[PDB]
Every structure is written in C-alpha cells, then in structure tokens.
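This report concerns only the one structure given below.
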Amino acid sequence: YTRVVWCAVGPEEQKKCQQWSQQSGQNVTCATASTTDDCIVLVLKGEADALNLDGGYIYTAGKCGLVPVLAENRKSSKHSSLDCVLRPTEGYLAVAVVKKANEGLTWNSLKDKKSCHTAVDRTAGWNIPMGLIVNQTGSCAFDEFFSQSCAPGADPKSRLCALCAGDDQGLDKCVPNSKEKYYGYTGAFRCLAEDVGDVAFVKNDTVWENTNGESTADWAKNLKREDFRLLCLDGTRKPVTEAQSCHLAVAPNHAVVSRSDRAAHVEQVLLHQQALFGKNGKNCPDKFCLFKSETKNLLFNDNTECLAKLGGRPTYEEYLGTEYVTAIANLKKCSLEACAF
Ligand SMILES: CCCCCCC/C=C\CCCCCC(=O)O[C@H](COC(=O)CCCCCC)CO[C@H]1O[C@H](CO)[C@@H](O)[C@H](O[C@@H]2O[C@H](C)[C@H](N)[C@H](O)[C@H]2NC(C)=O)[C@H]1O
Ligand SMILES: *[C@@H]1O[C@H](CO)[C@@H](O[C@@H]2O[C@H](CO)[C@@H](O[C@@H]3O[C@H](CO)[C@@H](O)[C@H](O)[C@@H]3O)[C@H](O)[C@H]2NC(C)=O)[C@H](O)[C@H]1NC(C)=O
Ligand SMILES: *[C@@H]1O[C@H](CO)[C@@H](O[C@@H]2O[C@H](CO)[C@@H](O)[C@H](O)[C@H]2NC(C)=O)[C@H](O)[C@H]1NC(C)=O
Ligand SMILES: [Fe+3]
Ligand SMILES: [Zn+2]
Ligand SMILES: [Zn+2]
C-alpha cells in the first residue's frame with residue numbers, strides 16, 4: 001500500500017514523472033497541474049502526496065499545514081566523511097547577474113532597467129531581491145521599479161510579464177512552469193544571456209552550470225563566465241568566482257513537502273527510490289536517473305547529489321529559518337495568520 005502520487009508542474013515535468021512511474025513499477029504515479037500553487041492544492045485535497053519546492057513555496061505550503069520531508073543536497077566541501085543522505089544542507093547563494101559589457105550597471109542603478117526572475121514567490125528570483133528593493137525604496141510599488149521584466153506568475157498584461165516569451169508558439173506567456181521559455185533558474189539566466197533583460201536573479205550555481213561548455217544547449221554553448229559579473233550590495237561588481245563575498249542572501253535548499261499525515265510514508269518510498277535512481281543508483285544511468293533532465297531542472301535540480309534527511313524534525317519555519325521567514329512576511333505586507341487558499 002506504499003504507493004506515492006507525485007505532483008508534476010507543467011507538461012515537461014509530467015513527461016519525466018511518467019518515465020519515473022514506468023521504471024518504478026507504479027510505486028510512484030503522477031498528478032499534473034499548471035502551477036506550483038495548484039499542485040499544493042492537490043496535496044491538500046489528498047489527490048497528490050508530494051513534490052519538491054523552492055523555499056518560497058515551502059512558506060506557502062507551510063501556512064497550509066504541509067511539512068518538509070527531505071531536502072535536496074548538493075556537492076559539499078566539508079562534512080566529506082559523512083554520507084550524503086545524513087549530511088547537513090548548506091543552502092545556495094542568491095545572486096544578481098549582469099553582462100560585463102554592461103558597464104556602470106550596479107545595484108544602485110537598477111531602477112528602470114530590465115529584470116529576469118525565476119518566478120513570482122521564489123527565493124532567489126523574487127523574495128530576496130524584491131524584499132531588498134522594497135526595503136531600500138520604502139515603497140510597496142515593486143511593480144514599478146524595473147521598466148520591464150519577465151516574472152512568471154505575474155499578470156500577463158503587466159510590465160512584469162512584458163519580457164516573457166511563452167512557449168514554442170507564443171502560447172502560455174508568463175505561466176509559472178517550464179512551458180515559459182524564461183521560467184526558473186535556467187530560463188531567467190537565458191533571459192540575461194540573450195540580452196532580453198539587464199539583470200537576472202538566480203542562484204550562484206546557475207551561472208556555472210550554463211557557461212564554458214557545461215551546457216550543450218543552443219543558447220548556452222558559447223557563453224563564457226568571464227563575460228558575466230555579480231552585483232554586490234555595496235555597489236561593486238565582482239567576477240562570478242567571488243559569490244561567497246558578493247551574494248544577496250543564503251537560501252534554504254529546495255525540499256520535498258507532503259501533508260503531515262503522509263510524511264512518514266513519503267519519506268520511506270523516496271529513500272528507496274533514490275537508492276534505485278539516484279546519483280550512484282542501481283539503475284542510473286542504465287535505465288533512469290531521477291536527478292537528470294538536461295539542465296532543465298525537472299522535478300528536482302540537476303545538481304542534486306541526493307535527498308537528505310532533516311535533522312531535528314523541523315517545522316517549515318525552523319527549516320527556512322527565522323531570518324528568511326521574517327523577510328517573506330514583510331514583503332507580503334505589500335501584497336500574520338492564514339492559508340492562502
Ligand atoms: C536562531 C534562529 C534559527 C533560525 C530558525 C530555526 C532553524 C532551525 C534549524 C537550524 C539549526 C541551525 C544549524 C544546525 C545544522 O544542521 O547545521 C550545522 C550542524 O551540522 C552538522 O554537522 C550536524 C551533524 C549531525 C550529527 C549528529 C547526528 C551547523 O550550522 C552551520 O553550518 C551548516 C553546514 O555546515 C549550515 O547548515 C548552517 O546554516 C543553515 O544553512 C542553510 C543555508 C539554510 N539556509 C539554513 O536556514 C541555515 N541555518 C539557519 C539557522 O537559518 C550553519 O549555520
Ligand atoms: C526588510 O526590513 C525588515 C525590517 O528591518 C527586515 O526585518 C527584520 O529582520 C531582522 C533580522 O531577521 C529582525 O531583527 C532581529 O533578529 C534577531 C536575531 O538576529 C532577533 O533576535 C530579534 O528579535 C529581531 O527579530 C527584525 O525582527 C525584522 N524586523 C521586523 C520589523 O520584522 C527584513 O529582514 C528586511 N528584508 C530583507 C530582505 O532584508
Ligand atoms: C557555486 O556553485 C558552483 C557550481 O555548483 C560551485 O562550483 C562547484 O564546486 C564543486 C565543489 O564544491 C566542484 O567539485 C564542482 O566541479 C563545481 N562545479 C562546476 C560546474 O564548476 C561553487 O563552488 C559555488 N560557489 C560557492 C561560493 O558556493
Ligand atoms: Fe530556489
Ligand atoms: Zn552572506
Ligand atoms: Zn523543532
């Protein structure tokens with residue numbers, strides 16, 4: 001009776017999920033929704049069991065009673081003796097990236113420029129940068145800071161969606177799923193790489209994984225790290241190698257969430273699923289790899305080494321931390337106690 005229903009966001013994730021479902025022998029089956037919020041609703045209704053969420057979405061799900069179950073864990077440097085599944089998470093660096101050729105663009109001259117965001121409500125793409133901007137300008141009119149943007153999830157007829165391109169046909173403009181060309185970490189970075197936007201709000205890893213031949217994708221194969229600069233909060237610009245000293249915040253890792261009454265069951269299935277399809281899995285790269293999808297980051301981030309257990313059985317507030325949680329609450333005053341559904 002240990003069957004788990006995963007929630008896929010958009011048709012590309014659905015496709016990957018179906019493959020996983022086939023290989024799992026129906027231990028995992030798939031539900032699909034157009035947006036992450038819709039997937040959250042499916043979980044609440046008990047029509048789906050779980051999905052992997054960015055920190056920003058964990059906050060939404062948390063208010064509605066969903067709980068973190070396992071966290072994405074990437075390549076470490078320390079803790080190297082301890083196993084991946086037991087190793088603590090280090091969190092990723094949220095950064096703002098610009099073209100080197102775009103001289104004189106600093107943090108202090110971002111107003112009226114063109115911005116690329118992963119999606120509304122996400123940590124590096126929205127919550128961190130817009131929280132900082134709202135704070136600095138003392139205004140809730142974050143919708144009027146940049147001249148134009150691609151922020152998937154915003155009103156398709158607003159300036160916040162002006163730069164979004166939609167799918168292979170121009171349909172689904174600004175939808176918060178991989179159908180939108182400039183959606184997510186990869187899409188937001190592509191938005192910058194193609195000079196549609198002036199700045200991209202992504203995490204540190206995105207820059208590295210899509211430059212100097214790390215990505216064989218059409219738009220990325222010719223990109224060089226040296227051609228990019230990170231915007232620091234002190235008004236300086238640094239090479240992408242200096243992320244440790246030039247980031248906007250440290251973000252809590254993406255995590256699997258489920259309804260609390262299903263948490264234990266979801267955990268045991270997943271631990272077994274990754275033994276089969278994880279980084280060193282029995283059937284990866286032979287038959288299926290759960291953490292691969294050609295830089296598209298479908299279901300999970302492509303740089304995920306393993307899903308790790310969470311020390312101290314944390315609530316959603318403890319995981320994201322009190323630092324990050326307070327930032328979100330303040331930004332959400334612009335747009336204390338309620339589930340948003
Ligand atoms: C006071 C208000 C707190 C905020 C709200 C409550 C949060 C409650 C949970 C957080 C507990 C704090 C750290 C405990 C931890 O598990 O982590 C390290 C301990 O690891 C081990 O070796 C355990 C080995 C176990 C063997 C025994 C079986 C050391 O911690 C330090 O190093 C860790 C990796 O080297 C980072 O995870 C951690 O930061 C964390 O990194 C991420 C970036 C994320 N953004 C987190 O939000 C951040 N921490 C906080 C508190 O925000 C960092 O401070
Ligand atoms: C935008 O501005 C608000 C207002 O300052 C920032 O919220 C504030 O965040 C700090 C740190 O999270 C909170 O201060 C304190 O933290 C210490 C722990 O170090 C704690 O001991 C104190 O009780 C206190 O919370 C502060 O409470 C909080 N202020 C308010 C009014 O909620 C927010 O972080 C800023 N946004 C961004 C993205 O920086
Ligand atoms: C930013 O992210 C990049 C890529 O995720 C990190 O570079 C990787 O670091 C590991 C060891 O920590 C190396 O073994 C990998 O080969 C690197 N990946 C690539 C694609 O080059 C980098 O360490 C991160 N920077 C910070 C400051 O966290
Ligand atoms: Fe994220
Ligand atoms: Zn820092
Ligand atoms: Zn606790």
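Just so we're on the same page: first chain in the structure tokens is A, next is B, and so on; residues restart at 1 for each chain, and ligands are numbered from 1 in the order they show up.
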> Which residues sit within 7 Å of ligand 2, counting only C-alpha atoms and all ligand atoms, listed as a PyMOL selection string?
Replying inline: chain A and resi 128+131-132+135+322-323+326-327+330
Quick one: write out the picked residues with C-alpha atoms as a compact mmCIF listing (two decimals), in the first residue's frame?
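Below is the file out-v8.txt, written as the result:
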# COMPACT_ATOMS: atom_id res chain seq x y z
CA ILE A 128 15.20 38.07 -1.73
CA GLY A 131 12.39 42.24 -0.40
CA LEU A 132 15.67 44.16 -0.55
CA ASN A 135 13.09 47.90 1.87
CA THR A 322 13.66 32.84 11.20
CA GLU A 323 15.90 35.10 9.11
CA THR A 326 10.76 37.39 8.51
CA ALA A 327 11.87 38.67 5.09
CA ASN A 330 7.50 41.85 5.41
> Using only C-alpha atoms and all ligand atoms, which protein or nucleic acid residues are at most 6 Å from ligand 3, as JSON, numbers by chain?
Replying inline: {"A": [75, 76, 77, 204, 205, 208, 209, 243, 244]}
Any chance you could export the current selection's N, CA, C and O atoms as a CSV table (one decimal), in the first residue's frame?
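Output file again.csv is given in full below:
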chain,number,residue,atom,x,y,z
A,75,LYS,N,26.8,18.8,-3.9
A,75,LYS,CA,28.2,18.6,-3.6
A,75,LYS,C,28.7,19.5,-2.5
A,75,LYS,O,28.5,20.8,-2.6
A,76,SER,N,29.2,18.9,-1.5
A,76,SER,CA,29.8,19.7,-0.3
A,76,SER,C,31.3,19.9,-0.5
A,76,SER,O,31.9,19.6,-1.5
A,77,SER,N,31.9,20.5,0.6
A,77,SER,CA,33.3,20.6,0.7
A,77,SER,C,33.7,20.0,2.0
A,77,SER,O,34.6,19.1,2.1
A,204,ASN,N,23.9,31.1,-7.5
A,204,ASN,CA,25.3,31.0,-8.0
A,204,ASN,C,25.6,29.9,-8.9
A,204,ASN,O,26.2,30.0,-9.9
A,205,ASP,N,25.0,28.8,-8.6
A,205,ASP,CA,25.2,27.5,-9.4
A,205,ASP,C,24.8,27.6,-10.9
A,205,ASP,O,25.4,27.1,-11.8
A,208,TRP,N,27.5,28.9,-13.3
A,208,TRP,CA,28.5,27.9,-13.6
A,208,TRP,C,28.0,26.8,-14.5
A,208,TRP,O,28.8,26.4,-15.3
A,209,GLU,N,26.8,26.4,-14.3
A,209,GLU,CA,26.3,25.2,-15.0
A,209,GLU,C,25.9,25.5,-16.4
A,209,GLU,O,25.6,24.6,-17.2
A,243,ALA,N,31.4,34.8,-5.5
A,243,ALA,CA,30.0,34.7,-5.0
A,243,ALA,C,29.9,34.6,-3.5
A,243,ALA,O,29.0,35.2,-2.9
A,244,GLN,N,30.9,34.0,-2.9
A,244,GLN,CA,31.0,33.9,-1.4
A,244,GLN,C,31.0,35.3,-0.7
A,244,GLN,O,30.6,35.4,0.4
Select from chain A every residue with an atom at most 6 Å from any atom of ligand 4, then for each give the shortest pair of atoms and their distance in Å to one decimal, using only C-alpha atoms and all ligand atoms, rows by chain and rising number, as JSON lines.
{"residue": "A:54", "atom": "CA", "partner": "ligand 4", "partner_atom_place_in_ligand_line": "1 (Fe)", "distance": 4.5}
{"residue": "A:122", "atom": "CA", "partner": "ligand 4", "partner_atom_place_in_ligand_line": "1 (Fe)", "distance": 5.9}
{"residue": "A:123", "atom": "CA", "partner": "ligand 4", "partner_atom_place_in_ligand_line": "1 (Fe)", "distance": 5.1}
{"residue": "A:124", "atom": "CA", "partner": "ligand 4", "partner_atom_place_in_ligand_line": "1 (Fe)", "distance": 5.6}
Write out, as a tab-separated table, each residue of chain A that has an atom at most 8 Å from ligand 1, together with the closest pair of atoms and their distance in Å to one decimal, counting only C-alpha atoms and all ligand atoms, rows going by chain and rising number.
residue	atom	partner	partner_atom_place_in_ligand_line	distance
A:78	CA	ligand 1	35 (O)	7.2
A:79	CA	ligand 1	22 (O)	6.7
A:86	CA	ligand 1	25 (C)	7.5
A:87	CA	ligand 1	24 (C)	6.7
A:88	CA	ligand 1	20 (O)	5.2
A:89	CA	ligand 1	37 (O)	5.0
A:90	CA	ligand 1	41 (O)	4.4
A:91	CA	ligand 1	43 (C)	3.4
A:92	CA	ligand 1	43 (C)	6.3
A:250	CA	ligand 1	43 (C)	5.4
A:251	CA	ligand 1	45 (N)	4.8
A:252	CA	ligand 1	45 (N)	3.6
A:253	CA	ligand 1	44 (C)	6.7
A:311	CA	ligand 1	16 (O)	6.1
A:312	CA	ligand 1	9 (C)	7.3
A:314	CA	ligand 1	9 (C)	6.6
A:317	CA	ligand 1	5 (C)	6.5
A:318	CA	ligand 1	6 (C)	3.7
A:319	CA	ligand 1	7 (C)	5.3
A:320	CA	ligand 1	47 (O)	4.8
A:321	CA	ligand 1	5 (C)	3.4
A:322	CA	ligand 1	5 (C)	4.2
A:323	CA	ligand 1	4 (C)	6.2
A:324	CA	ligand 1	47 (O)	7.3
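Using only C-alpha atoms, the nearest neighbour of residue 328 (chain A) within the list A:109, A:73, A:18, A:60 is A:60.
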If the limit is 9 Å from any atom of ligand 5, counting only C-alpha atoms and all ligand atoms, which residues qualify? Return them as a PDB file with N, CA, C and O atoms, in the first residue's frame.
ATOM      1  N   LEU A  93      23.456  30.192  -2.773  1.00  0.00           N
ATOM      2  CA  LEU A  93      23.669  31.633  -2.793  1.00  0.00           C
ATOM      3  C   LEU A  93      22.813  32.318  -3.849  1.00  0.00           C
ATOM      4  O   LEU A  93      22.940  32.037  -5.040  1.00  0.00           O
ATOM      5  N   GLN A 244      30.949  33.994  -2.859  1.00  0.00           N
ATOM      6  CA  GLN A 244      30.990  33.881  -1.403  1.00  0.00           C
ATOM      7  C   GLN A 244      31.038  35.251  -0.720  1.00  0.00           C
ATOM      8  O   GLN A 244      30.589  35.391   0.416  1.00  0.00           O
ATOM      9  N   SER A 245      31.562  36.258  -1.417  1.00  0.00           N
ATOM     10  CA  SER A 245      31.643  37.611  -0.866  1.00  0.00           C
ATOM     11  C   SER A 245      30.744  38.626  -1.584  1.00  0.00           C
ATOM     12  O   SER A 245      30.796  39.822  -1.286  1.00  0.00           O
ATOM     13  N   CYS A 246      29.918  38.149  -2.514  1.00  0.00           N
ATOM     14  CA  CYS A 246      29.068  39.029  -3.322  1.00  0.00           C
ATOM     15  C   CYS A 246      27.723  38.370  -3.672  1.00  0.00           C
ATOM     16  O   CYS A 246      27.404  38.153  -4.843  1.00  0.00           O
ATOM     17  N   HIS A 247      26.945  38.049  -2.642  1.00  0.00           N
ATOM     18  CA  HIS A 247      25.616  37.463  -2.816  1.00  0.00           C
ATOM     19  C   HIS A 247      24.581  38.310  -2.087  1.00  0.00           C
ATOM     20  O   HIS A 247      24.934  39.144  -1.250  1.00  0.00           O
ATOM     21  N   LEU A 248      23.309  38.091  -2.405  1.00  0.00           N
ATOM     22  CA  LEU A 248      22.225  38.850  -1.787  1.00  0.00           C
ATOM     23  C   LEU A 248      21.729  38.186  -0.510  1.00  0.00           C
ATOM     24  O   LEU A 248      21.217  38.859   0.387  1.00  0.00           O
ATOM     25  N   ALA A 249      21.881  36.865  -0.443  1.00  0.00           N
ATOM     26  CA  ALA A 249      21.471  36.074   0.713  1.00  0.00           C
ATOM     27  C   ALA A 249      21.851  34.619   0.503  1.00  0.00           C
ATOM     28  O   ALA A 249      22.187  34.207  -0.610  1.00  0.00           O
ATOM     29  N   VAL A 250      21.808  33.852   1.586  1.00  0.00           N
ATOM     30  CA  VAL A 250      21.959  32.409   1.519  1.00  0.00           C
ATOM     31  C   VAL A 250      20.543  31.847   1.593  1.00  0.00           C
ATOM     32  O   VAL A 250      19.772  32.218   2.480  1.00  0.00           O
TER      33      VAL A 250
END
>> Quick check for you: according to DSSP on this backbone, which residues of region 136-200 of chain A are classed as alpha helix (DSSP H)? Reply as a ChimeraX atom specification.
In response: /A:136-137,184-193
>> List as a list in words the protein and nucleic acid residues near residue 307 (chain A), meaning an atom at most 8 Å away when only C-alpha atoms are counted, but skip any in the same chain fewer than 6 places from it.
In response: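 Contacts, with the query itself left out: residues 70, 71, 72, 73, 84, 85, 271 and 274 of chain A.
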